[PDB]
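The block underneath contains the structure these notes are about, expressed in structure tokens.
There are 2 protein chains.
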Amino acid sequence: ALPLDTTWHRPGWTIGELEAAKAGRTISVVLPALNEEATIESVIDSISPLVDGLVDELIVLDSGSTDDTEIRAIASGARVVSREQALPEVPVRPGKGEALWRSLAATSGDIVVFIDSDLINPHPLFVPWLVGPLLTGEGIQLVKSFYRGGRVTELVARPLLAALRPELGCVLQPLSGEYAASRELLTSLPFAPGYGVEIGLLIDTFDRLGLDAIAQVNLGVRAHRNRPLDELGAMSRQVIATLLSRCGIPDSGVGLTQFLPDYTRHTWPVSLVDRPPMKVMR
Amino acid sequence: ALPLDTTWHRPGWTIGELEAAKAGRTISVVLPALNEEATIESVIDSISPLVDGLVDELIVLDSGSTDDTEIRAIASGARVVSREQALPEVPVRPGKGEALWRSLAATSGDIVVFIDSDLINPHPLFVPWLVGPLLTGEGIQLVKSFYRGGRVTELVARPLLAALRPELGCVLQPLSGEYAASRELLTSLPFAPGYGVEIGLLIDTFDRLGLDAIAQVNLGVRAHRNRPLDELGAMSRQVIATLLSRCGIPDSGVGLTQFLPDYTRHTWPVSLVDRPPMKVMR
Ligand SMILES: O=c1ccn([C@@H]2O[C@H](COP(=O)(O)OP(=O)(O)O[C@H]3O[C@H](CO)[C@@H](O)[C@H](O)[C@H]3O)[C@@H](O)[C@H]2O)c(=O)[nH]1
Ligand SMILES: O=c1ccn([C@@H]2O[C@H](COP(=O)(O)OP(=O)(O)O[C@H]3O[C@H](CO)[C@@H](O)[C@H](O)[C@H]3O)[C@@H](O)[C@H]2O)c(=O)[nH]1
Ligand SMILES: [Mn+2]
Ligand SMILES: [Mn+2]
């Protein structure tokens, strides 16, 4: 009933059916992590039993953690890849977008799956539920999750999409950190910086491929780190810079400033520079 | 230290000085009200002692309340004006913007002051603190308040202004419902619909007059009705439609849709139609 292929109830496929449907295609899972020692182990544990089966490869993309994220991830049996190790020839920029872009060179799966590592008790069927439409359907090359926080999504992204890309008004969680896509697509797209990356991939895929190439799946309920408003303001600023750039609208490039007392002025970084398609780095 | 004339500490002027400084100029106060029976009395009480003094006129602009807002406001000694009564020749549209636009025909003050009527225990010095820069300074024609909720402001408006009108990045509460301005300015500007009006007046004033004509004043702490996220999403959508329109960016005109389960789809209204300057209705 939506213009977007949408699985509403717990998808029917089993691990075995999906594993059969792979048909030579490989699957890589990437957990980007910046200081998530408190949750990373449960997130890895919820996925590592699929390894050597449905999943051929699982990595943690360590985006410069200074806490005990790496040693706990290792202790959970996960391969940990720094931004440096993933693509040593290129100096590292900050932001999640960078990490996701770099994870493309540290993985070799025909299908790449992303899962945020700050999720509190993720369901072990997240990955299957996410690769469902890619494996069985035809035409699908991007799968976003949806779920029943949510402030930047409900106040910035979905209303802006309503404003500038109404065709995507039916995407329920455009910023979801849990999503999957073909390597062919991901290596063809540029990667927006910082927190601009999701909204960047959505608009670019659609612009390049239309809604038929996009699916979304219900994963139930999502719980994650509740961040302070100033950080969300910064994130919201970058989401806006990337969305505006994809719509052909010039963004000033000026970072958001916040005040909190004569007074204490702080400016957050914002970037208008995308990383190119990983294809060009062959 | 900001490019915007900013009074940070409780402004020094007294009621008497300000009353002296009027010099023939009149002051109208407008409280727009849509179903605020629980708070309207305290808001009127905090202002009515200035009437026949500093304030020459106080009205409640009733924007179609079906609760006991009108009878309580009357019982507090306030003149209550319906949208119909304010400008009977023109059929009524919904939204706050409409109410504020209409209040221009029901008032006759050289200076018009706006105060939201959902404020919990407002300080009786709000109006003086707001008319301070208009009465004493020269050049000022718009005064916004600022204060230590705030989600649409911190995630949508200030970051968008950072994106498209960085000169206003130093405006602390662009959506504040408490603000004052000259009749000359207000009757010269168009009024954006619904919740687009504040952000519409800010961008238009600045575009027409630059920062020097704009001031902002600290009123301390603001407390008001906490609204559910779907309503804030709708509000945020209209703020975006108006901001995009003022920046020369085409808005789709498609209202934001929300889902909440096979499912229950609702679309909120959005309007791309401004009311013209009240001047043209002479
Ligand atoms: O520089 C960074 C920043 C974040 N992350 C990781 O990215 C994930 C998401 O970051 P988070 O701070 O939890 O973002 P959210 O506020 O939850 O943002 C939501 O909305 C964002 C905008 O699209 C998405 O990027 C997020 O994935 C999504 O969870 C977390 O695992 C982080 O550890 C990094 O690896 N590197
Ligand atoms: O159709 C309407 C809607 C609202 N109001 C009144 O306007 C005021 C503000 O509305 P509110 O629902 O409290 O808005 P907020 O979510 O608090 O929005 C904040 O941000 C908005 C966007 O600029 C401003 O319009 C508001 O004044 C400001 O308080 C309240 O007194 C309402 O009674 C009306 O008179 N008519
Ligand atoms: Mn998170
Ligand atoms: Mn309010």
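Sequences listed follow chains A and A', in order. A prime marks a further copy of an entry chain. In case it helps, PDB author numbering puts the first sequence at residues 19 to 166, 183 to 295, 302 to 322. In case it helps, PDB author numbering puts the second sequence at residues 19 to 166, 183 to 295, 302 to 322. Think of the CB as a built atom: it goes at the ideal place given N, C-alpha and C, for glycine as much as any other residue.
Checklist entry - Any beta-carbon of chain A' closer than 8 Å to the one on residue 285 (chain A)? => result Working through the first sequence from its first residue, we reach residue 285 (chain A) at position 251. Output row for residue 285 (chain A): interface = yes.
Checklist entry - Between residue 246 (chain A') and the rest of its own chain, which residues show a CB-CB distance below 7 Å, the 5 nearest in sequence each way excluded? => result Locating residue 246 (chain A') in the second sequence gives position 212, where the first residue counts as 1. So the list reads 157, once near-sequence residues are dropped.
Checklist entry - Any heavy atom of ligand 4 within a distance shorter than 7 Å of the CB on residue 180 (chain A')? => result Note on chain A': numbering goes from 166 to 183 directly, and residue 180 (chain A') within that interval has no coordinates.
Item to check | For residue 29 (chain A') and residue 151 (chain A'), the rounded distance between their alpha carbons | outcome: Walking along the second sequence from the start, residue 151 (chain A') turns up at place 133. Walking along the second sequence from the start, residue 29 (chain A') turns up at place 11. Looking at the two C-alpha atoms, the distance is approximately 10 Å.
Next on the checklist: I'd like to confirm something about residue 233 (chain A): is its beta-carbon nearer than 7 Å to some heavy atom of ligand 1, or not?
Outcome noted: On the first sequence, position 199 is the one that residue 233 (chain A) refers to. Yes, since a heavy atom of ligand 1 falls inside the 7 Å radius drawn around the Cβ of residue 233 (chain A).
Checklist entry - Considering only C-alpha positions, which residue in the set A':268, A':52 and A':32 is nearest to residue 292 (chain A')? => result On the second sequence, residue 292 (chain A') is found 258 positions in, with the first residue counted as 1. Comparing Cα-Cα distances from residue 292 (chain A') to each of A':268, A':52 and A':32, the minimum goes to A':268.
Item to check | Own chain partners of residue 26 (chain A') with C-beta closer than 6 Å, once the 5 adjacent residues on each side are dropped | outcome: On the second sequence, residue 26 (chain A') is found 8 positions in, with the first residue counted as 1. The residues are 252.
Next on the checklist: On the DSSP bridge list, what partners appear for residue 97 (chain A')?
Outcome noted: Along the second sequence, one-based indexing puts residue 97 (chain A') at 79. Its beta-bridge partners are A':77.
Item to check | Extent of the continuous alpha helix (DSSP H) run through residue 50 (chain A') | outcome: Taking the second sequence and counting its residues from 1, one reaches residue 50 (chain A') at position 32. No alpha helix (DSSP H) contains residue 50 (chain A'), which is instead part of the beta strand (DSSP E) from 45-51.
Item to check | Collapsed DSSP secondary structure at residue 162 (chain A) in the structure displayed | outcome: Mapped onto the first sequence, residue 162 (chain A) falls at position 144. Correct three-state label for residue 162 (chain A): strand.
Checklist entry - Counting Cβ pairs closer than 8 Å, one from the region 268-283 of chain A' and one from the region 35-55 of chain A', do we hit at least three? => result no
Checklist entry - Once you ignore the five residues that flank residue 310 (chain A) on each side, which residues in its own chain have a CB closer than 6 Å to its CB? => result Counting from 1 along the first sequence, the entry for residue 310 (chain A) is found at position 270. So the qualifying residues of the chain are 271, 272, 275 and 289.
Checklist entry - What residues from chain A' crowd round residue 303 (chain A), counting only those whose CB sits closer than 8 Å? => result Locating residue 303 (chain A) in the first sequence gives position 263, where the first residue counts as 1. Chain A' residues near residue 303 (chain A): 19 and 26.
Next on the checklist: To the nearest angstrom, how far is the alpha carbon of residue 38 (chain A) from that of residue 125 (chain A)?
Outcome noted: On the first sequence, position 20 is the one that residue 38 (chain A) refers to. On the first sequence, position 107 is the one that residue 125 (chain A) refers to. Roughly 22 Å separates the two Cα atoms.
Item to check | Length-filtered (3 minimum) beta strand (DSSP E) runs lying within the region 86-162 of chain A | outcome: 97-100 and 129-132
Checklist entry - What are the boundary residues of the beta strand (DSSP E) that includes residue 251 (chain A)? => result By one-based count along the first sequence, residue 251 (chain A) stands at place 217. 248-252 is the extent of the beta strand (DSSP E) around residue 251 (chain A).
Next on the checklist: In this structure, how does DSSP classify residue 207 (chain A) when only helix, strand and coil are distinguished?
Outcome noted: Stepping through the first sequence from its first residue, residue 207 (chain A) is reached at position 173. Residue 207 (chain A) falls in the coil class under three-state DSSP.
Checklist entry - Is the beta carbon of residue 91 (chain A') within less than 7 Å of some heavy atom of ligand 2? => result For this step, residue 91 (chain A') is matched to residue 73 along the second sequence. False, no ligand heavy atom lies under 7 Å from that Cβ.
Next on the checklist: If we define contact as Cβ-Cβ less than 8 Å, is residue 249 (chain A') a contact residue for chain A?
Outcome noted: Here the question's residue 249 (chain A') lines up with position 215 in the second sequence. For residue 249 (chain A'), the answer is no, since every Cβ of chain A falls outside 8 Å of its Cβ.
Item to check | Between the CA atoms of residue 143 (chain A) and residue 221 (chain A') - distance to the nearest angstrom | outcome: If you number the second sequence from 1, residue 221 (chain A') lands on position 187. If you number the first sequence from 1, residue 143 (chain A) lands on position 125. Cα to Cα, the separation comes out at about 60 Å.
Item to check | Cβ-heavy atom distance, residue 135 (chain A') to ligand 1, below 7 Å | outcome: Mapped onto the second sequence, residue 135 (chain A') falls at position 117. It does not: the Cβ of residue 135 (chain A') is nowhere closer than 7 Å to a heavy atom of ligand 1.
Checklist entry - Any C-beta of chain A sitting closer than 8 Å to the C-beta of residue 274 (chain A')? => result As a first step, residue 274 (chain A') is located in the second sequence; it is residue number 240 there, counting from the start. So, interface residue.
Checklist entry - How many whole angstroms separate the CB atoms of residue 239 (chain A') and residue 248 (chain A'), which I take to be in contact at a CB cut-off of 8 Å? => result What you label residue 239 (chain A') is simply residue 205 of the second sequence in a count that begins at 1. What you label residue 248 (chain A') is simply residue 214 of the second sequence in a count that begins at 1. That pair is a contact at about 6 Å.
Item to check | 6 Å Cβ shell around residue 306 (chain A') - same chain, five flanking residues per side excluded | outcome: As a first step, residue 306 (chain A') is located in the second sequence; it is residue number 266 there, counting from the start. So the list reads 292, once near-sequence residues are dropped.
Next on the checklist: Do residue 91 (chain A') and residue 58 (chain A') have their beta-carbon atoms positioned less than 8 Å apart in this structure?
Outcome noted: Taking the first residue of the second sequence as 1, we reach residue 58 (chain A') at position 40. Taking the first residue of the second sequence as 1, we reach residue 91 (chain A') at position 73. The answer is yes: Cβ separation under 8 Å.
Next on the checklist: So with CB distances below 8 Å, who are the chain A contacts of residue 185 (chain A')?
Outcome noted: As a first step, residue 185 (chain A') must be located in the second sequence, where it is residue number 151. The answer, in chain order, is 185, 189 and 263.
Checklist entry - Going by DSSP, which residues form a beta bridge with residue 306 (chain A')? => result The sequence position of residue 306 (chain A') within the second sequence is 266, counting from 1. Answer is A':292.
Checklist entry - Given a limit of 9 Å on CB to CB distance, which residues of the region 199-218 of chain A' reach chain A? => result 199, 200, 203, 204 and 206
Item to check | Euclidean distance between Cα positions of residue 34 (chain A') and residue 206 (chain A) | outcome: Taking the first residue of the second sequence as 1, we reach residue 34 (chain A') at position 16. Taking the first residue of the first sequence as 1, we reach residue 206 (chain A) at position 172. So the two alpha carbons sit approximately 56 Å from each other.
Next on the checklist: Quick check on the DSSP output: the beta strand (DSSP E) that includes residue 24 (chain A') runs from which residue to which?
Outcome noted: The residue labelled residue 24 (chain A') in the question sits at position 6 within the second sequence. Residues 23-25.
Checklist entry - What's the call for residue 230 (chain A'), buried or exposed, on a 16-neighbour Cβ count within 10 Å? => result By 1-based counting over the second sequence, the position of residue 230 (chain A') is 196. Buried, because 16 or more other Cβ atoms sit within 10 Å of the Cβ of residue 230 (chain A').
Item to check | Where residue 231 (chain A') meets chain A, residues with beta-carbon distance less than 8 Å | outcome: Indexing the second sequence from 1 puts residue 231 (chain A') at position 197. Simply none; closest approach about 17 Å.
Item to check | Residues bridged to residue 69 (chain A') [DSSP beta-bridge criterion] | outcome: Counting from 1 along the second sequence, the entry for residue 69 (chain A') is found at position 51. For residue 69 (chain A'), which the question treats as bridged, DSSP gives the partners A':73.
Item to check | residue 224 (chain A') versus residue 192 (chain A) - alpha carbon distance | outcome: Taking the second sequence and counting its residues from 1, one reaches residue 224 (chain A') at position 190. Taking the first sequence and counting its residues from 1, one reaches residue 192 (chain A) at position 158. The alpha-carbon atoms of residue 224 (chain A') and residue 192 (chain A) are separated by roughly 27 Å.
Checklist entry - Which residues in chain A' sit within 8 Å of residue 271 (chain A), going by Cβ to Cβ distance? => result Locating residue 271 (chain A) in the first sequence gives position 237, counting from the first residue. Within chain A', the residues near residue 271 (chain A) are 193, 196 and 197.
Next on the checklist: Taking 8 Å as the limit between beta carbons, can you name the residues of its chain near residue 155 (chain A), skipping five residues before and five after?
Outcome noted: Here residue 155 (chain A) is taken as the residue at index 137 of the first sequence, counted from 1. Answer for residue 155 (chain A): 23 and 249, listed in chain order.
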